[PDB]
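Using this note's numbering, the letters of the sequence shown map in sequence onto residues 8 to 388.
The beta-carbon is built from N, C-alpha and C at its ideal position, and this holds for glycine as well.
Worksheet: the structure to be examined is printed underneath.
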Amino acid sequence: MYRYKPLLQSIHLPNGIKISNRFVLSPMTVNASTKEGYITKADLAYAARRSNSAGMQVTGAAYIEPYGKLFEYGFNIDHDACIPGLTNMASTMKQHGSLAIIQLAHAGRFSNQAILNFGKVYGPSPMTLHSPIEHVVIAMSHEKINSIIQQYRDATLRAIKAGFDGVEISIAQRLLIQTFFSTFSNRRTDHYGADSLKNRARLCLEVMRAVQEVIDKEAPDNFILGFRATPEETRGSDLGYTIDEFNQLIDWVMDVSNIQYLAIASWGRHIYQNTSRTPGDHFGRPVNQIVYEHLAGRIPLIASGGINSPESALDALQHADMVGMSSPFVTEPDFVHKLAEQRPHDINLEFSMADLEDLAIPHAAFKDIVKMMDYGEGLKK
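Right, dumping it as structure tokens:
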């Protein structure tokens with residue numbers, strides 16, 4: 008029995024779509040789009056190279072409105088002129104039958120490009136800040152919140168029209184929705200405020216319901232709704248939200264929307280060292296274990312966090328159904344083929360400047376390629 012066999016087993020999503028292996032190509036912002044965020048030849052070449060890499064692929068962040076933009080040259084999905092380029096992207100990504108999911112993003116106060124463009128960004132609660140430049144964080148009015156919900160509806164429809172297989176709503180650390188769920192950042196006293204878990208969840212639940220409704224009315228059969236999240240938020244020995252609160256949130260998300268998977272994010276933390284700080288029975292247990300237990304097989308869990316090898320992929324399956332990798336697919340796009348062919352020793356994550364064309368990496372500078380790779384999962388290996 009081949010040691011890595013479990014990673015090659017097929018899986019069905021809740022909606023009946025069959026994925027032929029357990030690998031997911033994780034979100035990666037290549038930072039090679041136009042200033043408006045339109046899909047470029049470089050974007051397409053990068054994706055083409057990786058269209059036969061994994062059972063399922065999730066794009067880097069595609070921003071839903073100008074004030075939500077993080078990366079300077081990331082994907083845009085905020086207006087209809089984006090559709091032609093995104094249509095090329097979806098087609099490119101789907102050409103070998105790998106599923107192509109576009110991540111819809113709004114970075115709230117962490118929308119670095121919006122800070123530079125406008126000197127102002129939006130969040131649950133007001134702030135005046137000095138880094139990266141002097142800017143203000145404006146508390147979102149109810150009108151602004153409604154417009155954001157509409158922008159998620161609009162972006163979902165654009166993804167559908169572009170021929171993607173699905174969308175992923177990310178609410179991970181440093182996303183607008185996360186900043187409403189956290190009691191560190193959300194100091195509001197209205198119905199989107201810190202007073203109750205329902206109030207903190209409200210923005211997330213309104214978005215998921217709105218997106219589900221668009222899919223119901225507009226999407227091809229079995230269009231996939233994905234969900235990505237950071238299961239707890241800590242700062243020293245305080246929590247901005249507990250893993251039990253997160254577990255309640257995902258139960259509520261399932262009540263309002265037909266999510267097909269949960270992808271766990273742990274920016275700046277390796278999977279082997281990502282343990283819970285929620286007091287009680289959870290304390291010190293692996294975050295993926297706690298979440299996997301709570302999911303109770305309702306939807307597949309996609310593990311991530313520096314997974315980079317046959318052995319780390321296999322180990323992740325102890326508390327997950329699928330494994331996502333970010334930077335390994337940058338330098339080793341054929342990882343899963345080598346594994347399927349029972350050649351795990353052939354996997355090589357090193358690259359020289361000689362490989363840049365075969366790998367279809369847009370950036371010439373080694374320091375930019377490194378920065379690109381490291382930013383996805385926030386690790387340095």
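For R284, there is no enclosing alpha helix (DSSP H), as DSSP marks it with neither H nor E.
In this structure, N193 sits near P131, with a CB-CB distance shorter than 8 Å. By the neighbour-count criterion, in which a residue is buried when 16 or more other Cβ atoms sit within 10 angstroms of its Cβ, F373 is exposed. Per DSSP, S177 is one residue of the beta strand (DSSP E) stretching across 173-177. Around the beta carbon of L302, 16 or more other beta carbons sit within 10 angstroms, so the residue counts as buried. In this chain, the beta strand (DSSP E) harbouring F30 covers 30-32. The alpha-carbon separation between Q120 and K12 amounts to approximately 43 Å.
According to the DSSP secondary-structure assignment, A69 is paired through a beta bridge with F82, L111. Under the DSSP assignment, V298 falls in the alpha helix (DSSP H) whose first and last residues are 294-302. In the DSSP assignment, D245 forms a beta bridge with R242. Leaving aside the five residues that flank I314 on each side, the residues in its chain whose CB is nearer than 8 Å to its CB run, in chain order, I278, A320, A323, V330, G331, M332, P335.
Remark: C-beta atoms of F290 and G247 do not approach each other more closely than 8 Å. Under the Cβ criterion (8 Å, minimum of three pairs), the region 134-142 does not count as touching the region 79-98. Looking from the CA of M147, the closest CA among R160, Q157, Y129 belongs to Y129. Comparing C-alpha distances from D85 to each of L77, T237, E72 shows the shortest one belongs to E72.
Sequence-distant partners of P293 (beyond 5 residues in either direction) whose C-beta falls short of 7 Å from its own C-beta, in its chain, are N281, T282, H326. The Cβ-Cβ distance between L308 and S264 does not fall below 8 Å.
Of the residues assessed, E43 falls on the exposed side of the cut-off, its CB having fewer than 16 other CB atoms within 10 angstroms. Taking the Cα positions, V144 is about 24 Å away from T36.
Within the DSSP bridge table, the entry for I145 names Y129 as partners. DSSP links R235 through a beta bridge to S177, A270. Taking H19 as the centre and dropping the five residues before and after it, the same chain places the C-beta of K25, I26 closer than 8 Å to its C-beta, in chain order. In terms of Cα proximity to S316, the closest of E339, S40, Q64, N124 is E339.
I250: member of the alpha helix (DSSP H) spanning 250-263, first to last residue. The C-beta of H352 has fewer than 16 other C-beta atoms within 10 Å across all chains shown, which makes the residue exposed. With distances taken between CA atoms, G126 lies nearest to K76 out of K76, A208, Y45, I184. The residues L15, in chain order, have a CB closer than 6 Å to that of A347 in the same chain once the five nearest residues on each side in sequence are set aside. Straight-line measurement puts the Cα of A88 at about 14 Å from the Cα of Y70.
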